[PDB]
Amino acid sequence: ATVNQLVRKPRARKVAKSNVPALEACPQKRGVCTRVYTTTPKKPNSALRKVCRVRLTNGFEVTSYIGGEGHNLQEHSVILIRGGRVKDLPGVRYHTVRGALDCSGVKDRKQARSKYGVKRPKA
Amino acid sequence: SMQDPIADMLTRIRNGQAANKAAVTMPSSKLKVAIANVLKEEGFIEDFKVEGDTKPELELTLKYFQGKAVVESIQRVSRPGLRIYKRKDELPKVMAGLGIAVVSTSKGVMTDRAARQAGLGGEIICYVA
Amino acid sequence: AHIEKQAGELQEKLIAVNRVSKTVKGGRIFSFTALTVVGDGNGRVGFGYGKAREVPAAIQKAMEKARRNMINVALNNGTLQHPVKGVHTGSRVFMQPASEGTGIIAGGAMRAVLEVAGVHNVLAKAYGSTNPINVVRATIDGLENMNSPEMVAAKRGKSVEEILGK
Amino acid sequence: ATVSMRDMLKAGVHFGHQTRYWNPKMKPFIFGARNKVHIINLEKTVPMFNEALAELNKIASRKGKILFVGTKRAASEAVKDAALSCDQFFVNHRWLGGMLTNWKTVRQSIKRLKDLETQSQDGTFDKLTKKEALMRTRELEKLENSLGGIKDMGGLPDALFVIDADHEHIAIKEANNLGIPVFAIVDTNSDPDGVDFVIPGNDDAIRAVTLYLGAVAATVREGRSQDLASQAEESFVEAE
Amino acid sequence: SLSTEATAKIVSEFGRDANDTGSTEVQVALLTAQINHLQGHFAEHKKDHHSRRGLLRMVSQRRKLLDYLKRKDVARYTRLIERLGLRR
RNA sequence: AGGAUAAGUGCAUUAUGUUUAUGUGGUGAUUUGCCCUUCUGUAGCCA
RNA sequence: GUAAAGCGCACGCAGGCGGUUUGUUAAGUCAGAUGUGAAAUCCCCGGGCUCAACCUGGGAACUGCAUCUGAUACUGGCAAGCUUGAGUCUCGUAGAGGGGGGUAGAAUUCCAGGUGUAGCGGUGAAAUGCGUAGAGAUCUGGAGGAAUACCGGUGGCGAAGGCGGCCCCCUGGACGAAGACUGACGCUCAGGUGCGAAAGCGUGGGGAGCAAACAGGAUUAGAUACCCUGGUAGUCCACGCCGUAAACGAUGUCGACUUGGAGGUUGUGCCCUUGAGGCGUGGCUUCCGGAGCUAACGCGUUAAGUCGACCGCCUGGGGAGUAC
């Protein structure tokens, strides 16, 4: 109620702009890919969407988005991940940087091109 | 029991106007008498008397310029247990110099304009809105 | 058929648009509803919700209702003389005194509502519901908690308001 | 002047109107319950009307286009009767909204109304189906009876005279929206707030509706002696 | 319950001996007689919790008046408190 | 003999007005969303 | 209030807080004085390098700190009041508060005898059930335990949940009124101790009816839901063990102030006591609506108004009132 309540019994404290799940207190982080899944969609859709399981270096494992026609991927290759939820998958909280580490720069994007590793304004 | 009697003083002036009364009477601190004089001179009450000692009591007559005046909104800010004191640098400007803060200094009860002009600080009692 | 208030200046702030459905009983008709704000340059309580068949007839209806049962209200200088927190129906908005050195600072349709209201330099954060239909009450409730200048000395400032009717 | 409150010591009653609790905000100016119902008396209205009878003097100084609106089961004749004068217009059938706020459309329909009225009363309204004509005539008559107030009058009235509150909500509702000052007769089931001038009283019959609003009073008759130097020189005949 | 002959005896033994029932010592000794009366009831059974609220009223108030009294004069306090017994 | 306020002829189902199986997800109506005012100003936006 | 969020409730130490006046003190308070707070990247005024970025003199936010002198408007300490807070005596009054005693009639159920014959029961309609070994019903007389209407109401009581046949004994707590007294003895409450509707549940009491389970019927894609029938622990009583919840003025505690009217029902003054009434003055308790408040319902003198002190608690949902 009064300020006296708050000196006598302190409150909780909200923050924002930090509510997308993320690891090692940093924006990008590397791990070995473990498994590739074609998996069934969330939300009413029909796209059998493509995800990877990744093994990160700090001893945890998370599931991250992949995409683009004809992109290179195998179940032993080192790739970099960046936080970013995908709202059509069974719980993808990260996406994969195609242009990073063991994988090379790919096309089949428009809407984010510094992400997923692409050159030029739309070519 | 009411622990703050100056909030209670102000809640009687506030309900006074809301029930459109011509006088409002109450129990009277030394502090109360002393506050009522600032409010009288800056014209937030019209006038008052204090009488008895075996029952000491304040009677004041209300503000009007519209029929239901800015006396419906006067609030204590430095209360029991929420004591807050301001220096000669930190004094309260209320309502772009239309409104008043009433400040009890070591040199007596006056508005913030006269406490600033003296260069005193003290306990910051109530703001108008 | 009513008296109306005017400003010598044009405001055509369309804030929202909607459609009316009964879905089986006569099925669904093409009608729209609309909300439009008519200020003055210094402010009005002018807010109008009206409805018709098409969008143009609908807005012009709503623009009419923003200037009947309403009067203009006025405030000197591009700031407000009170730090008060205006609330109207869960849409709560804030003000604190400021300079002329800042003008507007706001986005969407809100920067256009505040300019006619005279409370654009004092513009501080809004909280609660801040979707278009209720955010726009700045120039209504924020001009009913109003203070405005009329004194020559700060120590005559409460005395000068008393003698305005005594 | 005093004659208007010499008549309130003579009528003022209704012996209750509605509910055990009545309207609380009129309670000061009015008498409380007796024997398991509510009763009112003329006695509690005279201290109120010892100054407040000065407002009948302010609607008689600018008198030219007055409208008596709000009819009820026993109040209807009293709305006709206090408005019997030739500067003063009245309805006899219930009021409805838009008769002052969509006045545009109403004045277009008056202009239609007096034409089809001269036609019907001359006999010039005939059709080979008599039913379609006599049925239009019955409904034309209801328009004539409903509109007869604004019908013969030069435009929107300078005051609005509400006799009833209890069922004729609308007549007060629209007066506040056009800003036109209100001249009100309130009962013990209605508050005296939110209207500009009151007679404390009851809504029915000739007990407050023409007992101060007629030639028997002095306060509706000393306002009108102040019209005779402002817009006219002689006009006191017209009005009651 | 409390009756005239218990109340008169208390005025006779405690506070001023006439026309006073209100003072700190005698007020405490009138409360004592109702606590004793309640303990009279509590010598039939012990699931008497709806009455126990009241027992604790009469005690809590003895704590209030014993506090006031010992701040006024240590004589009335030390005499009263021993002359009205209670506890081991 | 008070089962004699006689029903206060004031009385009416008198306080749950209830129960005999179900059938996936999104979907209609517009690319100028534009036709009220001087100065203090506005809907992509202006006097 | 209902969105996440008033502690389950009373009582109250420590701590926080103190109606009103006099005396008094000066812990906090505030002013005054003096010492301190280097440097620019930041800030304010210069200056120099091809401006600038950069670096830098004077001033400064220098983010940090000191004590003396003085004041008493303010809180705190303390002594005696005051009443404007609260406490207490006798007198009166309402009620299912608590603990322990006493007592009657009648439906279901049973036995017996008398009289007497075929359906009775159940329900939406229904079948399972009961019954010719004579049921159902009825007269007479005994058996037995929960239970106690209608009065009984939106009543009233208890600390909140909680209390219900009627009565008394023991006793609490509240409601009114005059005589009389004390005279801040006050407010809140971390910790705390104390304390149960109900069932769960140990033992003792007890069992007519109803019932989870278990069976069987009816329903249907079935049928555990829906609905019934037998039928047990249970229900039903008392205390006792950790007190669960929709454990509530839904709204913490308690108090001051703010247009009323009326209902329920009650102290008491007054009435033709003229019908649960009116007026005078208090009472809890509820309808109605004004000033003011809400997102809406709704609140409105018992606030969700105006506020007071002081404590409780919340920070998207699910998963979780669980885990730990």
# chains A, B, ... in the order shown; residues from 1 in each chain; ligands from 1

$ interface_residues --of "chain G" --to "chain B" --cutoff "10 Å" --atoms "only C-alpha atoms (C1' of nucleotides)" --output "MDAnalysis selection string"
chainID G and resid 16:21 29:31 71:75 82:86 186:188 254:259 291:292 305:310

$ residues_around --residues "range 33-43 of chain A" --least-positions-apart "3" --cutoff "8 Å" --atoms "only C-alpha atoms (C1' of nucleotides)" --output "number ranges by chain"
A: 46-55, 74-79, 87-90

$ select_by_dssp --residues "chain A" --states "helix (DSSP H, G or I)" --output "NGL selection string"
:A and (3-8)

$ write_last_selection --atoms "N, CA, C and O atoms" --output "short mmCIF file (atom, residue, chain, number, x, y, z; two decimals), in the first residue's frame"
data_model
loop_
_atom_site.label_atom_id
_atom_site.label_comp_id
_atom_site.auth_asym_id
_atom_site.auth_seq_id
_atom_site.Cartn_x
_atom_site.Cartn_y
_atom_site.Cartn_z
N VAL A 3 4.41 3.58 1.32
CA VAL A 3 5.85 3.43 1.17
C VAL A 3 6.37 2.58 2.33
O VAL A 3 7.27 1.81 2.16
N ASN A 4 5.83 2.76 3.52
CA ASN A 4 6.15 1.97 4.69
C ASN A 4 6.03 0.48 4.45
O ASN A 4 7.03 -0.21 4.73
N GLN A 5 4.97 -0.02 3.80
CA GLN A 5 4.92 -1.43 3.43
C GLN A 5 6.07 -1.91 2.63
O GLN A 5 6.36 -3.10 2.76
N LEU A 6 6.60 -1.08 1.74
CA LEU A 6 7.68 -1.35 0.78
C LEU A 6 9.12 -1.30 1.36
O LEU A 6 9.99 -2.02 0.90
N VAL A 7 9.32 -0.47 2.40
CA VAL A 7 10.54 -0.51 3.24
C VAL A 7 10.45 -1.81 4.11
O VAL A 7 11.46 -2.46 4.22
N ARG A 8 9.28 -2.10 4.70
CA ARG A 8 9.08 -3.19 5.64
C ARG A 8 8.99 -4.59 5.02
O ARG A 8 9.38 -5.58 5.65
#

$ residues_around --residues "residue 63 in chain B" --least-positions-apart "2" --cutoff "8 Å" --atoms "only C-alpha atoms (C1' of nucleotides)" --output "compact mmCIF listing (two decimals) with N, CA, C and O atoms, in the first residue's frame"
# COMPACT_ATOMS: atom_id res chain seq x y z
N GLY B 43 -5.69 33.14 0.79
CA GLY B 43 -7.12 33.21 0.39
C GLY B 43 -7.72 31.84 -0.01
O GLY B 43 -8.72 31.88 -0.68
N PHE B 44 -7.17 30.75 0.48
CA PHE B 44 -7.83 29.46 0.44
C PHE B 44 -8.90 29.15 1.55
O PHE B 44 -9.64 28.18 1.43
N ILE B 45 -8.81 29.75 2.73
CA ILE B 45 -10.02 30.02 3.46
C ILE B 45 -10.28 31.52 3.54
O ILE B 45 -9.37 32.33 3.32
N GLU B 46 -11.55 31.84 3.84
CA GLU B 46 -11.92 33.28 3.82
C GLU B 46 -11.46 33.89 5.16
O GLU B 46 -10.73 34.91 5.16
N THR B 61 -14.31 29.50 7.27
CA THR B 61 -15.34 29.70 6.26
C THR B 61 -14.72 29.50 4.86
O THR B 61 -13.54 29.79 4.60
N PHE B 65 -15.45 30.83 -5.77
CA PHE B 65 -15.32 31.71 -6.93
C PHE B 65 -16.13 31.18 -8.19
O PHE B 65 -16.22 31.80 -9.24
N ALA B 69 -15.18 25.09 -5.10
CA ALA B 69 -13.89 25.68 -5.25
C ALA B 69 -12.80 24.63 -5.20
O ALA B 69 -13.09 23.52 -4.71
N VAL B 70 -11.58 24.97 -5.62
CA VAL B 70 -10.29 24.25 -5.54
C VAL B 70 -9.87 23.78 -4.09
O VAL B 70 -8.86 23.05 -3.95
N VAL B 71 -10.72 24.11 -3.08
CA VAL B 71 -10.59 23.52 -1.72
C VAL B 71 -11.01 22.04 -1.59
O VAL B 71 -10.76 21.40 -0.53
N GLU C 162 -9.05 33.20 -5.88
CA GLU C 162 -10.15 33.52 -4.90
C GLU C 162 -10.98 34.77 -5.26
O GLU C 162 -12.21 34.64 -5.36

$ residues_around --residues "residue 54 in chain E" --least-positions-apart "3" --cutoff "8 Å" --atoms "only C-alpha atoms (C1' of nucleotides)" --output "list in words"
residues 50, 51, 57 and 58 of chain E; 172 and 173 of chain G

$ interface_residues --of "chain C" --to "chain B" --cutoff "6 Å" --atoms "only C-alpha atoms" --output "list in words"
residues 81, 82, 154, 155, 157, 158, 159, 162, 164 and 165 of chain C

$ write_last_selection --atoms "N, CA, C and O atoms" --output "mmCIF file, in the first residue's frame"
data_model
loop_
_atom_site.group_PDB
_atom_site.id
_atom_site.type_symbol
_atom_site.label_atom_id
_atom_site.label_comp_id
_atom_site.auth_asym_id
_atom_site.auth_seq_id
_atom_site.Cartn_x
_atom_site.Cartn_y
_atom_site.Cartn_z
ATOM 1 N N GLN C 81 0.105 24.302 -17.097
ATOM 2 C CA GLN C 81 0.584 24.845 -15.796
ATOM 3 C C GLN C 81 0.384 23.939 -14.588
ATOM 4 O O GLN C 81 0.604 24.433 -13.481
ATOM 5 N N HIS C 82 0.060 22.642 -14.768
ATOM 6 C CA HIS C 82 -0.040 21.636 -13.677
ATOM 7 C C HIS C 82 0.568 20.300 -14.063
ATOM 8 O O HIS C 82 0.234 19.719 -15.100
ATOM 9 N N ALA C 154 3.811 34.754 -7.843
ATOM 10 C CA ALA C 154 3.580 33.438 -7.333
ATOM 11 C C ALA C 154 2.911 33.455 -5.920
ATOM 12 O O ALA C 154 2.079 32.575 -5.731
ATOM 13 N N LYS C 155 3.180 34.449 -5.023
ATOM 14 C CA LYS C 155 2.655 34.618 -3.698
ATOM 15 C C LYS C 155 1.329 35.339 -3.687
ATOM 16 O O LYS C 155 0.625 35.294 -2.699
ATOM 17 N N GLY C 157 -0.595 34.111 -6.206
ATOM 18 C CA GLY C 157 -1.149 33.092 -7.122
ATOM 19 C C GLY C 157 -2.375 32.427 -6.597
ATOM 20 O O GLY C 157 -3.285 32.213 -7.421
ATOM 21 N N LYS C 158 -2.516 32.020 -5.305
ATOM 22 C CA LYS C 158 -3.749 31.487 -4.741
ATOM 23 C C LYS C 158 -4.829 32.548 -4.384
ATOM 24 O O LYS C 158 -6.022 32.270 -4.520
ATOM 25 N N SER C 159 -4.417 33.784 -3.943
ATOM 26 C CA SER C 159 -5.203 35.012 -3.670
ATOM 27 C C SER C 159 -5.911 35.485 -4.933
ATOM 28 O O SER C 159 -7.114 35.786 -4.920
ATOM 29 N N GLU C 162 -9.049 33.198 -5.883
ATOM 30 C CA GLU C 162 -10.153 33.516 -4.898
ATOM 31 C C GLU C 162 -10.982 34.767 -5.264
ATOM 32 O O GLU C 162 -12.207 34.640 -5.360
ATOM 33 N N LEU C 164 -11.341 36.096 -8.173
ATOM 34 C CA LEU C 164 -11.978 35.879 -9.474
ATOM 35 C C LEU C 164 -13.480 35.641 -9.341
ATOM 36 O O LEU C 164 -14.217 35.390 -10.308
ATOM 37 N N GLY C 165 -13.993 35.617 -8.104
ATOM 38 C CA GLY C 165 -15.476 35.431 -7.829
ATOM 39 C C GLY C 165 -15.923 35.936 -6.454
ATOM 40 O O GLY C 165 -17.001 35.513 -6.042
#

$ residues_around --residues "residue 145 in chain G" --least-positions-apart "5" --cutoff "9 Å" --atoms "only C-alpha atoms (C1' of nucleotides)" --output "JSON, numbers by chain"
{"G": [206, 207, 208, 236]}

$ write_last_selection --atoms "N, CA and C atoms (P, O5', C5', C4', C3', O3' and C1' of nucleotides)" --output "PDB file, in the first residue's frame"
ATOM      1  P     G G 206     -25.494 -47.092  22.603  1.00  0.00           P
ATOM      2  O5'   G G 206     -26.002 -46.686  21.152  1.00  0.00           O
ATOM      3  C5'   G G 206     -26.956 -45.619  20.962  1.00  0.00           C
ATOM      4  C4'   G G 206     -26.963 -45.290  19.443  1.00  0.00           C
ATOM      5  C3'   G G 206     -27.419 -46.391  18.516  1.00  0.00           C
ATOM      6  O3'   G G 206     -28.784 -46.825  18.674  1.00  0.00           O
ATOM      7  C1'   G G 206     -25.613 -45.121  17.563  1.00  0.00           C
ATOM      8  P     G G 207     -29.398 -48.174  18.088  1.00  0.00           P
ATOM      9  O5'   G G 207     -29.519 -47.696  16.556  1.00  0.00           O
ATOM     10  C5'   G G 207     -30.432 -46.699  16.082  1.00  0.00           C
ATOM     11  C4'   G G 207     -30.160 -46.462  14.580  1.00  0.00           C
ATOM     12  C3'   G G 207     -30.284 -47.662  13.640  1.00  0.00           C
ATOM     13  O3'   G G 207     -31.660 -47.935  13.288  1.00  0.00           O
ATOM     14  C1'   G G 207     -28.333 -46.490  13.165  1.00  0.00           C
ATOM     15  P     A G 208     -32.113 -49.195  12.387  1.00  0.00           P
ATOM     16  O5'   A G 208     -33.192 -48.481  11.409  1.00  0.00           O
ATOM     17  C5'   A G 208     -34.524 -48.869  11.510  1.00  0.00           C
ATOM     18  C4'   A G 208     -35.364 -47.831  10.830  1.00  0.00           C
ATOM     19  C3'   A G 208     -34.930 -47.266   9.478  1.00  0.00           C
ATOM     20  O3'   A G 208     -35.410 -48.102   8.427  1.00  0.00           O
ATOM     21  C1'   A G 208     -35.383 -45.507  10.977  1.00  0.00           C
ATOM     22  P     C G 236     -24.541 -35.533   9.014  1.00  0.00           P
ATOM     23  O5'   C G 236     -25.279 -36.646   9.875  1.00  0.00           O
ATOM     24  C5'   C G 236     -26.531 -36.514  10.544  1.00  0.00           C
ATOM     25  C4'   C G 236     -26.465 -37.122  11.961  1.00  0.00           C
ATOM     26  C3'   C G 236     -25.242 -36.695  12.839  1.00  0.00           C
ATOM     27  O3'   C G 236     -25.464 -35.383  13.202  1.00  0.00           O
ATOM     28  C1'   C G 236     -25.926 -38.985  13.031  1.00  0.00           C
TER      29        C G 236
END

$ atom_distance --atom1 "CA of residue 51 in chain C" --atom2 "CA of residue 72 in chain C"
23.8 Å

$ residues_around --residues "residue 135 in chain C" --least-positions-apart "2" --cutoff "9 Å" --atoms "only C-alpha atoms (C1' of nucleotides)" --output "VMD selection string"
chain C and resid 88 91 to 93 110 126 129 to 133 137 to 138

$ interface_residues --of "chain A" --to "chain G" --cutoff "10 Å" --atoms "only C-alpha atoms (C1' of nucleotides)" --output "VMD selection string"
chain A and resid 1 to 2 4 to 5 8 to 9 11 to 15

$ write_last_selection --atoms "N, CA and C atoms" --output "PDB file, in the first residue's frame"
ATOM      1  N   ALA A   1       0.831  -1.210   0.000  1.00  0.00           N
ATOM      2  CA  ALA A   1       0.000   0.000   0.000  1.00  0.00           C
ATOM      3  C   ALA A   1       0.857   1.248   0.000  1.00  0.00           C
ATOM      4  N   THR A   2       1.322   1.639   1.176  1.00  0.00           N
ATOM      5  CA  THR A   2       2.108   2.842   1.478  1.00  0.00           C
ATOM      6  C   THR A   2       3.582   2.465   1.328  1.00  0.00           C
ATOM      7  N   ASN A   4       5.832   2.760   3.518  1.00  0.00           N
ATOM      8  CA  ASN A   4       6.155   1.973   4.695  1.00  0.00           C
ATOM      9  C   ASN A   4       6.031   0.479   4.449  1.00  0.00           C
ATOM     10  N   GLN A   5       4.967  -0.024   3.799  1.00  0.00           N
ATOM     11  CA  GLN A   5       4.922  -1.430   3.427  1.00  0.00           C
ATOM     12  C   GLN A   5       6.072  -1.913   2.632  1.00  0.00           C
ATOM     13  N   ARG A   8       9.275  -2.101   4.698  1.00  0.00           N
ATOM     14  CA  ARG A   8       9.081  -3.189   5.645  1.00  0.00           C
ATOM     15  C   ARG A   8       8.987  -4.592   5.016  1.00  0.00           C
ATOM     16  N   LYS A   9       8.414  -4.640   3.822  1.00  0.00           N
ATOM     17  CA  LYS A   9       8.370  -5.832   2.999  1.00  0.00           C
ATOM     18  C   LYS A   9       8.494  -5.444   1.568  1.00  0.00           C
ATOM     19  N   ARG A  11       8.975  -5.384  -2.580  1.00  0.00           N
ATOM     20  CA  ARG A  11       8.224  -5.833  -3.789  1.00  0.00           C
ATOM     21  C   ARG A  11       9.158  -6.642  -4.765  1.00  0.00           C
ATOM     22  N   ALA A  12       8.478  -7.312  -5.732  1.00  0.00           N
ATOM     23  CA  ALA A  12       9.182  -7.751  -6.938  1.00  0.00           C
ATOM     24  C   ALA A  12       9.419  -6.711  -7.983  1.00  0.00           C
ATOM     25  N   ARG A  13      10.211  -7.066  -9.028  1.00  0.00           N
ATOM     26  CA  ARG A  13      10.670  -6.163 -10.019  1.00  0.00           C
ATOM     27  C   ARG A  13      10.698  -6.786 -11.414  1.00  0.00           C
ATOM     28  N   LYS A  14       9.900  -6.152 -12.288  1.00  0.00           N
ATOM     29  CA  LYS A  14       9.738  -6.477 -13.638  1.00  0.00           C
ATOM     30  C   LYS A  14      10.904  -5.938 -14.488  1.00  0.00           C
ATOM     31  N   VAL A  15      11.463  -6.685 -15.431  1.00  0.00           N
ATOM     32  CA  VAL A  15      12.113  -6.094 -16.590  1.00  0.00           C
ATOM     33  C   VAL A  15      11.425  -6.566 -17.898  1.00  0.00           C
TER      34      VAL A  15
END

$ atom_distance --atom1 "CA of residue 212 in chain D" --atom2 "CA of residue 57 in chain D"
10.9 Å

$ residues_around --residues "residue 71 in chain D" --least-positions-apart "2" --cutoff "12 Å" --atoms "only C-alpha atoms (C1' of nucleotides)" --output "ChimeraX atom specification"
/D:68-69,73-81,90-96,145-146,161-171,203-205,209

$ select_by_dssp --residues "range 66-117 of chain C" --states "strand (DSSP E)" --output "PDB file with C-alpha atoms, in the first residue's frame"
ATOM      1  CA  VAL C  87      -7.262   9.181 -16.380  1.00  0.00           C
ATOM      2  CA  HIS C  88     -10.270   8.419 -18.556  1.00  0.00           C
ATOM      3  CA  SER C  91      -6.600   4.893 -20.618  1.00  0.00           C
ATOM      4  CA  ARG C  92      -4.340   6.908 -18.195  1.00  0.00           C
ATOM      5  CA  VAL C  93      -1.971   9.636 -19.516  1.00  0.00           C
ATOM      6  CA  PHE C  94       0.658  11.980 -17.707  1.00  0.00           C
ATOM      7  CA  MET C  95       1.842  15.547 -17.857  1.00  0.00           C
TER       8      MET C  95
END

$ interface_residues --of "chain E" --to "chain G" --cutoff "8 Å" --atoms "only C-alpha atoms (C1' of nucleotides)" --output "JSON, numbers by chain"
{"E": [1, 4, 7, 19, 20, 21, 22, 23, 24, 27, 30, 37, 38, 40, 41, 42, 44, 45, 46, 47, 48, 49, 50, 51, 53, 54, 56, 57, 60, 64, 65, 67, 68, 69]}

$ atom_distance --atom1 "CA of residue 225 in chain D" --atom2 "CA of residue 60 in chain D"
8.4 Å

$ interface_residues --of "chain F" --to "chain C" --cutoff "10 Å" --atoms "only C-alpha atoms (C1' of nucleotides)" --output "list in words"
residues 28, 29, 33, 34, 35, 36, 37, 38, 39, 40, 41, 42, 43 and 47 of chain F

$ interface_residues --of "chain G" --to "chain D" --cutoff "12 Å" --atoms "only C-alpha atoms (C1' of nucleotides)" --output "ChimeraX atom specification"
/G:259-263,271-272,274-279,287-291

$ closest_residue --among "D:186, D:220, D:84, D:106" --to "chain C" --atoms "only C-alpha atoms"
D:106

$ decode --residues "range 52-106 of chain A" --atoms "C-alpha atoms" --output "PDB file, in the first residue's frame"
ATOM      1  CA  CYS A  52      17.654 -28.890 -36.290  1.00  0.00           C
ATOM      2  CA  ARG A  53      18.654 -30.126 -32.870  1.00  0.00           C
ATOM      3  CA  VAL A  54      21.884 -28.323 -31.898  1.00  0.00           C
ATOM      4  CA  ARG A  55      24.399 -29.305 -28.987  1.00  0.00           C
ATOM      5  CA  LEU A  56      25.851 -26.018 -27.598  1.00  0.00           C
ATOM      6  CA  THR A  57      29.248 -25.842 -25.888  1.00  0.00           C
ATOM      7  CA  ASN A  58      27.991 -24.911 -22.374  1.00  0.00           C
ATOM      8  CA  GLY A  59      26.558 -28.394 -21.939  1.00  0.00           C
ATOM      9  CA  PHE A  60      22.945 -27.667 -23.044  1.00  0.00           C
ATOM     10  CA  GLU A  61      20.947 -28.531 -26.158  1.00  0.00           C
ATOM     11  CA  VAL A  62      18.341 -26.466 -27.984  1.00  0.00           C
ATOM     12  CA  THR A  63      16.203 -26.650 -31.119  1.00  0.00           C
ATOM     13  CA  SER A  64      16.791 -24.100 -33.954  1.00  0.00           C
ATOM     14  CA  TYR A  65      15.207 -23.180 -37.379  1.00  0.00           C
ATOM     15  CA  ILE A  66      16.731 -23.989 -40.740  1.00  0.00           C
ATOM     16  CA  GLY A  67      15.354 -23.123 -44.212  1.00  0.00           C
ATOM     17  CA  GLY A  68      15.952 -22.248 -47.919  1.00  0.00           C
ATOM     18  CA  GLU A  69      15.771 -24.648 -50.909  1.00  0.00           C
ATOM     19  CA  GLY A  70      18.915 -26.784 -51.380  1.00  0.00           C
ATOM     20  CA  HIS A  71      20.784 -25.439 -48.258  1.00  0.00           C
ATOM     21  CA  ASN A  72      23.669 -27.707 -47.108  1.00  0.00           C
ATOM     22  CA  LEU A  73      23.301 -29.435 -43.739  1.00  0.00           C
ATOM     23  CA  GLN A  74      24.567 -32.756 -42.097  1.00  0.00           C
ATOM     24  CA  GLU A  75      24.162 -34.153 -38.579  1.00  0.00           C
ATOM     25  CA  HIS A  76      27.710 -33.555 -37.452  1.00  0.00           C
ATOM     26  CA  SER A  77      28.460 -29.941 -38.818  1.00  0.00           C
ATOM     27  CA  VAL A  78      29.218 -26.874 -36.532  1.00  0.00           C
ATOM     28  CA  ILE A  79      26.791 -23.985 -36.928  1.00  0.00           C
ATOM     29  CA  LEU A  80      26.225 -20.697 -35.114  1.00  0.00           C
ATOM     30  CA  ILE A  81      22.800 -19.865 -33.548  1.00  0.00           C
ATOM     31  CA  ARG A  82      21.084 -16.460 -32.713  1.00  0.00           C
ATOM     32  CA  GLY A  83      17.918 -16.125 -30.434  1.00  0.00           C
ATOM     33  CA  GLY A  84      14.575 -15.862 -32.300  1.00  0.00           C
ATOM     34  CA  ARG A  85      11.349 -17.767 -31.645  1.00  0.00           C
ATOM     35  CA  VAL A  86       9.640 -19.610 -34.589  1.00  0.00           C
ATOM     36  CA  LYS A  87       5.787 -19.684 -34.041  1.00  0.00           C
ATOM     37  CA  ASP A  88       5.010 -22.605 -36.548  1.00  0.00           C
ATOM     38  CA  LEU A  89       7.277 -25.365 -34.818  1.00  0.00           C
ATOM     39  CA  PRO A  90       7.062 -27.471 -31.747  1.00  0.00           C
ATOM     40  CA  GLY A  91       9.313 -25.089 -29.724  1.00  0.00           C
ATOM     41  CA  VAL A  92      11.990 -23.381 -31.729  1.00  0.00           C
ATOM     42  CA  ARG A  93      13.427 -20.459 -29.779  1.00  0.00           C
ATOM     43  CA  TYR A  94      16.527 -19.760 -32.010  1.00  0.00           C
ATOM     44  CA  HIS A  95      17.358 -19.761 -35.753  1.00  0.00           C
ATOM     45  CA  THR A  96      20.488 -20.962 -37.579  1.00  0.00           C
ATOM     46  CA  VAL A  97      23.017 -18.694 -39.461  1.00  0.00           C
ATOM     47  CA  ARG A  98      23.630 -20.465 -42.853  1.00  0.00           C
ATOM     48  CA  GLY A  99      26.429 -18.125 -43.694  1.00  0.00           C
ATOM     49  CA  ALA A 100      28.364 -19.026 -40.441  1.00  0.00           C
ATOM     50  CA  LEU A 101      31.210 -21.377 -39.644  1.00  0.00           C
ATOM     51  CA  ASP A 102      31.054 -24.822 -41.459  1.00  0.00           C
ATOM     52  CA  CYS A 103      28.014 -23.839 -43.643  1.00  0.00           C
ATOM     53  CA  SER A 104      28.306 -21.132 -46.468  1.00  0.00           C
ATOM     54  CA  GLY A 105      26.206 -18.284 -47.620  1.00  0.00           C
ATOM     55  CA  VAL A 106      22.825 -19.194 -49.229  1.00  0.00           C
TER      56      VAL A 106
END
